[PDB]
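The structure appears right after this line, and notes come after that.
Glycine gets a Cβ as well: all are built from the backbone with ideal geometry, and neighbour counts include every protein chain shown. All of this is worked out from the model, or read from it or from the source named; nothing here is a laboratory result.
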Amino acid sequence: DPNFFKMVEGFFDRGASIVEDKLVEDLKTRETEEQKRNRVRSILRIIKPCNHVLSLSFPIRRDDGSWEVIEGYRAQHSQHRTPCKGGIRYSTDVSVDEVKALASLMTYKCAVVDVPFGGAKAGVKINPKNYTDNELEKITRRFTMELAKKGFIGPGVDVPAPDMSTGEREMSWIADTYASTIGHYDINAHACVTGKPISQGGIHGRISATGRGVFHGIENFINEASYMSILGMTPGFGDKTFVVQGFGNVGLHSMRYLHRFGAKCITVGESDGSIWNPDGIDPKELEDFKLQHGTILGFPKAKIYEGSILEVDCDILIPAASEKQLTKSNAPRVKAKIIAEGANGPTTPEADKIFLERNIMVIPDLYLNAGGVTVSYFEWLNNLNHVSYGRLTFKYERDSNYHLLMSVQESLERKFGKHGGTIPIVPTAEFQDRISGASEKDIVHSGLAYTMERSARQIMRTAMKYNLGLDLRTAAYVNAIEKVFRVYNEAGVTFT
Amino acid sequence: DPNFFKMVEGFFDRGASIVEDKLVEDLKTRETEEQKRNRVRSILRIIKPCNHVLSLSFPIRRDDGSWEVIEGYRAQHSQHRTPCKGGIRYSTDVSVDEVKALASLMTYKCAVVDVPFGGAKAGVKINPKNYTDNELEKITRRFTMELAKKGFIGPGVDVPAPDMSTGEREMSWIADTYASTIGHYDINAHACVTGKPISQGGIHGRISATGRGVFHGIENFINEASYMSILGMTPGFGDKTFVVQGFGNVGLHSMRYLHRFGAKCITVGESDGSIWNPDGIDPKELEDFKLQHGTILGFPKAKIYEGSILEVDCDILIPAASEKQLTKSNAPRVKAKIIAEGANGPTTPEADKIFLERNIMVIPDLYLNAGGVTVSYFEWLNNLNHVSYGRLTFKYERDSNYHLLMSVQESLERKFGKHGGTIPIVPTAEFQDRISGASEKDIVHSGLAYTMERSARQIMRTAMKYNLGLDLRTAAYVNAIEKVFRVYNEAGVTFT
Amino acid sequence: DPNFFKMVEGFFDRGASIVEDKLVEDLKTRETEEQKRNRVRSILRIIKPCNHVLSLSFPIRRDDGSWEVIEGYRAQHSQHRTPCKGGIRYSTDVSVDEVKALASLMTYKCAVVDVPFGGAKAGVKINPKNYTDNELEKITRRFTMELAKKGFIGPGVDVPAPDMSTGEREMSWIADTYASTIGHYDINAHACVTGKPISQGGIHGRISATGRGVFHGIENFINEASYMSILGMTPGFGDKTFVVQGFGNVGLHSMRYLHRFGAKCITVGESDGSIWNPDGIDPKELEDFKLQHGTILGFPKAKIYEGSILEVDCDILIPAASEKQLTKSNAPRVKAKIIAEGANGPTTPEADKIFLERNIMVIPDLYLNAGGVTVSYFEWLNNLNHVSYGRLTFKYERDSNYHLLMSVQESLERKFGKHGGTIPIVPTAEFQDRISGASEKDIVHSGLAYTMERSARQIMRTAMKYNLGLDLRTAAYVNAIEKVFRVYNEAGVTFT
């Protein structure tokens, strides 16, 4: 059991040395050779720490007439690209030594996916259960004023986001406090947060983003014939099983999309039980079960099978569980060729060194868990463009499709249809749903699939350039460190 | 040896309980009695902590072509009255746990003297000796940009100040970086710092402020016949000795003004020696000695007398030494009726409990060391009024003085001077220097004497209202806590 | 009983025609003669109306969980000089047709006293009794946000003020909502309101301002030997009586200062009784009576004497009562040579036409009731200079007084004191209190006496220039209209 901060700090040095050896050669600057080395050994010392760490204190008054002091935090990691997106975590285990880590984790998690803005995290030392709803907006509406008066919230500086125990309703209390106190004169005032409900500028298909994230991530590696061979699996999802730990937003929506392309959910683990049916599980039925029941423990159509789900015989683990969930105590007992981290840092840094020995491809959490980080970038743009995606072009592009089909029809009917007949060129029953059911949802899920795809093909490229084999995690950080470097380097890092 | 943070945190609770017992009765609010108690027990929980603590990280490049990371801090204590003044301390022993203390120390040190703005402190973990002058402006000019982009510098938010190892030249590098990058559009851009050299908006007679501070502070207690009796001394400075530890800006200028009203400097202690002559020391001669010599050790006209200067037989100790300088190990060996703290926290909290037993009046460091805090408030106004003090009225008030003397002359010459004679009513040789040598210096030293006087008469009042005897320190904090309370209370502490 | 709007609209035309006949001749502009007339007949059409009238609607939620809609108003009269000061009146009789009047009334009431900013009024249709204290800040803190987001509050646009049923505690709820939502980035954020309590930037001696106002106003007319003769009275307060209607802030403090210079309060009328003692009343004793009792009805040392107090035999009526309080039904029954309006529009426009027939000098409410309008201008400056008045110069001017006395002493002791004697030139027992008890209060009461004095000597001048006799009200409006005109005229009234 390590300290999560030393993990993310570890994967930097682990990656910093690799990239450096070629990152120096790629400098056509008019200096010596040992001053290039002392420029690359040096910027990396600047990317590693956290540039800003605020620390707050709130006069909040409970509804029973009892004042109290709330302690908060927020750490902007990198200023190289503004704004800086990062969720707000209401908890009690919040630590300034942890906010600095998850802030750094996002500077790179949104660099591997070519999302512009940097990384940040906030954290409020409150246990949400102990507060009435009138008291979680007195806290939220003042954690922003105190934080926006100091340039840590704003469409061009920081963009808070949801987190576990910080839902859709939280993000309205932030966007309304900002768009009425400080951001009033700013036209983009509602772009100060993401995850807002749809009635206030949220994007559609957001709650299924990390799901689509976890999906397209592993999709681009299952369909990689140059990796399935090395592992021992075949390309494609066909006749492959997956297992899910931590049923929830990331697990549930992942189950759906994987089960839609022939995969078979075998087990579903949670904090308080375990499920198993080697014939598979129906996501919707199990999704429906937890609605009334609140806990899948006792699912009818699948027997109970307790134990370490990380031992489950399968092909694909997907841990949506807590951080540091898979460690040496059970790493030699995976029974899965591919691990797909759905949460932040499930794999302790030792298991990765084990997994390259067991010949396991561990897809990192920088890449898979990007997910919402990308739609939370498409929602920032939605609010920053003041129009839903596609409203201007759904029907202009609908007409362009009917005319092509007509143009292909009439063109044939000159050659073949001369006999008075006709060729009713019509869209399929599928490309008809795509037309009649067009929505902003279809464009979000599209630009998300493109981001994951174009990015995975950049992790692969590095895993050959530097010959990392199945060490995709290291490959991910080398792309993250290399692209954050090209922003400091060509910018005259210091403003002097 | 305590932690300096627990000292300042101690004197709050020590004072918070005393003020509370009457601070509740003074509320004519439409509530119960136990909800007044739970409003006063509660605001005090809000005044005690530090509301904002930023923490920085700098890409600074040395002149030998070697980047490095500078770590800084700044803690705004109380937002009840903007701006928030606080010095910048270049050191290596800087600690975020220490900046929070000295920030709180200034919220009260400028409350006992009715200075409006709250308290703050900054700190940069650099040893100044290891940096060329071109590298102490690359640090200073970027410790402000990084700090002003986040609303921690500005004529209406924070006003940095000088400190030990942060001289007059530092404050120009801050005022020029602000008045040309961010504060450009603000007319008051040059009011963003104090302590600037006179050629850029500094006030005259600033380097002798803490001197005039230490002076008028003890003046208002030496001339208090209701305290000299209780101690065992007589009123006035006449035939009284004082001794100085830590010769320097606070010690030197204190020596001068005290030696000007009949006091006799006996010893002068430093870090590297000790001086003694029970006939006295001439300040100017000793001031001149350290100019060439750089260290008074070896002064001709006064023999060497080594040892704990805090043992020196005297009437008035003035420690300008380090913090926590006088402790139990030598507190029963003071040999001085009056201690006059010229630095921040020379007396460990135990010696005060000893000193009330030894019957010693320890004048606090909230009051005496205010000093520069008051002229650093008069310099903020100078730059905020865009005119030196008195330029409009030195000669308009000069004429009004000549006409009064003429009016008294002619009025007599009607009654007595009828005999052809005349009565040359002329100013004294002293009130002539005051006229011909009028300057902004004379108004600064005046409004400083008024602030110290009006404030000491408020410490005295509390020391009777709550019957603290010679425990002036506790009296000082009770006035500081009571006046910071009347700002939160009548303001609807929460903005909800 | 008229409509109060038609009164203030009446006194404009009544004054506009008089000033015009000379106001045209005073134009050295390169135009014709009939185009000067059509420039003066025209600007007066621009000064008369109200340039801006906002009208609000609030989602306020009672503490019993019941939303409701609050209806508010605010009318900026004249933009010729920014800001625009005007009180906020919580009532139910508030009418947009009344706010426009009292707004215009202040554009002139602060023009006769050379106060720069224009005039405005606000009004909220709520009965304050029906609202808990937690609900009069939810209203106050949102009547400002809704009003400051539209440029109707701010140190440079509008400066709200207290009013009846809008006390000191209201003005803190406005200054804190502004200085934390919108005016945060403005250094002058606390100058957005006046009347704030002393703990947040209020001026001392404010609650006794209208008192000092009513005093120095009638002082400058009682001591006018060229008016007492015409009426039938003698100069000075000596052996003269006054009577007060509407005991309260304006009546009480007026009683004190008048009774201090030999006047004799005869009666004290209120809404619910009447008092009389032709030997006089002691203000303090009667002031003390209403403290416990809450109503002077039943004062021991003065018998009850009911009836229309406006009939009381006296020399000076001072109605602090409601508006339109003295009308034709009792105007032929005044029994007072001098009426001194302490409220806004006590005299219906007909009684003035009666009073010039009865040969009565009615001092207007533009001039007397200025009062607080002047200290509410000195409090705006206090907050706008960030320093209490005199802190810099109380002791610099104290020293200049001791040196003059010493210079007169020594100068004599050269001529007379050559005999070894001495002449202890010391301040009086009165000019010693003035020194030892110097305060911002003494400067406020001074600059208030100067404003009233310099202004009354301008009403007198007009009452000769245009030969209005005892019609001082018309003289007041002609000075108000003439000085508001010289601001539009020399400014190119239109911005085209």
Note to self: Criterion first (away from every other protein chain (no Cβ under 11 Å), more than 20 Å from B:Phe495 (Cβ to Cβ), assigned to a loop (DSSP other than H, G, I, E, B) and not aliphatic (A, V, I, L, M)) does C:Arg212 satisfy it?
What the structure shows: no
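One line per residue, one yes/no per condition, for (1) surrounded by fewer than 17 Cβ atoms within 10 Å (Cβ to Cβ); (2) of a type in the set (A, V, I, L, M, F, W, C); (3) under 17 Å from C:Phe5 (Cα atoms):
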| site | (1), (2), (3) |
| --- | --- |
| C:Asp63 | yes, no, no |
| C:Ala75 | no, yes, yes |
| C:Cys84 | no, yes, no |
| C:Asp93 | yes, no, yes |
Checklist line | Filter pass, B:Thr140 being touching a residue at least 24 places away in the same chain (Cβ under 8 Å), more than 14 Å from chain C (Cβ to nearest Cβ), surrounded by fewer than 23 Cβ atoms within 10 Å (Cβ to Cβ) and not hydrophobic (A, V, I, L, M, F, W, C) | finding: yes
Notebook entry, point to check: So, of the residues in segment B:395-421 that are within 41 Å of the chain's Cα centre (by Cα) and within 12 Å of chain C (Cβ to nearest Cβ), which turns out to be surrounded by the fewest Cβ atoms within 10 Å (Cβ to Cβ)?
Noted result: B:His403
Item checked: Unique residue being acidic (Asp, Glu) and within 24 Å of A:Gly345 (Cα to Cα) when the list is A:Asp26, A:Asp13 -> A:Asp13
Note to self: Looking only at residues that are assigned to a loop (DSSP other than H, G, I, E, B) and within 10 Å of chain A (Cβ to nearest Cβ) in segment B:59-72, which one is nearest to C:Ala175 (Cα to Cα)?
What the structure shows: B:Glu71
Notebook entry, point to check: For A:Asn51, all conditions in the list (1) within 9 Å of chain B (Cβ to nearest Cβ); (2) more than 20 Å from A:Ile481 (Cα to Cα) hold save one; what is the number of the exception?
Noted result: (2)
Next item on the list: Could you grab me the full set of residues in segment A:465-496 that are out of contact with any strand residue (DSSP E or B) (no Cβ under 6 Å at 6 or more places or on another chain), of a type in the set (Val, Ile, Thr) and in contact (Cβ under 8 Å) with a residue 12 or more places away in the chain?
Entry: A:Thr474, A:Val478, A:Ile481, A:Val484, A:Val487
Note to self: Being more than 24 Å from C:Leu392 (Cβ to Cβ), outside the structural domain of B:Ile46 (by CATH) and not in a helix (DSSP H, G or I) narrows it down to one residue among B:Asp97, B:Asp93; which is it?
What the structure shows: B:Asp93
Note to self: Checking the structure you have, find out if any residue of segment C:412-431 is outside any helix (DSSP H, G or I) and touching a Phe, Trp or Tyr at 6+ places or on another chain (Cβ under 8 Å).
What the structure shows: yes
Note to self: Looking at segment A:157-173 only, could you name the residues that are farther than 20 Å from A:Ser322 by Cβ and assigned to a loop (DSSP other than H, G, I, E, B)?
What the structure shows: A:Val157
Notebook entry, point to check: When the residues of segment C:166-182 are filtered to those that are closer than 19 Å to C:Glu379 by Cβ and among the polar types (S, T, N, Q), which remaining residue is farthest from the other protein chains (Cβ to nearest Cβ)?
Noted result: C:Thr166
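Yes or no, residue by residue, for (1) farther than 24 Å from A:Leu470 by Cα; (2) assigned to a loop (DSSP other than H, G, I, E, B); (3) of a type outside the set (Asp, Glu); (4) outside the structural domain of A:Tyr131 (by CATH):
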| residue | (1), (2), (3), (4) |
| --- | --- |
| A:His190 | yes, no, yes, no |
| A:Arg206 | yes, yes, yes, yes |
| A:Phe221 | no, no, yes, yes |
| A:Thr234 | no, yes, yes, yes |
| A:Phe242 | no, no, yes, yes |
Note to self: Exactly one of these conditions fails for C:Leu356: (1) in contact with a strand residue (DSSP E or B) (Cβ under 8 Å, 6 or more places away or on another chain); (2) hydrophobic (A, V, I, L, M, F, W, C); (3) surrounded by fewer than 18 Cβ atoms within 10 Å (Cβ to Cβ). Give me its number.
What the structure shows: (1)
Item checked: Cβ pairs under 8 Å, 6+ apart, first in segment B:148-165 and away from chain C (no Cβ under 14 Å), second of a type in the set (S, T, N, Q) and assigned to a strand (DSSP E or B) -> B:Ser165/B:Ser91
Next item on the list: For B:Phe247, indicate whether it is in contact with an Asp or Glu (Cβ under 8 Å, 6 or more places away or on another chain) and part of a strand (DSSP E or B).
Entry: no
Notebook entry, point to check: Any residue at all in segment B:422-436 that is facing another protein chain (nearest Cβ under 10 Å) and in contact (Cβ under 8 Å) with a residue 60 or more places away in the chain?
Noted result: no
Checklist line | Hits in segment B:73-95 - residues which are charged (D, E, K, R) and away from every other protein chain (no Cβ under 13 Å) | finding: B:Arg89, B:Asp93
Next item on the list: Could you check, for segment B:459-481, whether at least one of its residues is facing chain C (nearest Cβ under 9 Å), within 30 Å of B:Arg14 (Cα to Cα) and in a helix (DSSP H, G or I)?
Entry: no
Next item on the list: Looking for whichever is farther than 25 Å from B:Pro2 by Cβ, acidic (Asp, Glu) and touching a helix residue (DSSP H, G or I) at 6+ places or on another chain (Cβ under 9 Å) here; the options are B:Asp97, B:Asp114. Which one fits?
Entry: B:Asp114
Margin query: Just to check your reading of the model, which residue among C:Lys121, C:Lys129 is basic (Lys, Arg), away from chain B (no Cβ under 14 Å) and either under 22 Å from C:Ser55 (Cβ atoms) or assigned to a helix (DSSP H, G or I) (or both)?
Written below: C:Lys121
Checklist line | Members of segment C:333-384 found to be of a type in the set (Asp, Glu) and free of Cβ contacts under 8 Å to residues at least 40 places away in the same chain, listed by number | finding: C:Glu341, C:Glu350, C:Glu357
Next item on the list: Sort through A:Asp282, A:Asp272 and tell me the only one that's in contact with a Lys or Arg (Cβ under 8 Å, 6 or more places away or on another chain) and either surrounded by 14 or more Cβ atoms within 10 Å (Cβ to Cβ) or among the charged types (D, E, K, R) (or both).
Entry: A:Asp282
Notebook entry, point to check: Could you count how many residues in segment B:371-393 are assigned to a loop (DSSP other than H, G, I, E, B), within 11 Å of chain C (Cβ to nearest Cβ) and within 16 Å of B:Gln200 (Cα to Cα)?
Noted result: 1
Check: Does segment A:96-107 include one or more residues that are surrounded by 21 or more Cβ atoms within 10 Å (Cβ to Cβ), more than 12 Å from every other protein chain (Cβ to nearest Cβ), farther than 30 Å from A:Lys129 by Cα and touching a residue at least 40 places away in the same chain (Cβ under 8 Å)?
Finding: yes
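Yes/no per residue for (1) in contact with a strand residue (DSSP E or B) (Cβ under 6 Å, 6 or more places away or on another chain); (2) assigned to a loop (DSSP other than H, G, I, E, B):
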| residue | (1), (2) |
| --- | --- |
| A:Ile281 | yes, yes |
| A:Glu285 | no, no |
| A:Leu297 | yes, yes |
| A:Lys301 | no, yes |
Next item on the list: Identify all residues within segment B:378-394 that are surrounded by 17 or more Cβ atoms within 10 Å (Cβ to Cβ) and under 22 Å from the mean Cα position of the chain (by Cα); write none if there are none.
Entry: B:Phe378, B:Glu379, B:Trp380, B:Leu381, B:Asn382, B:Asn383, B:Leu384, B:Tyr389
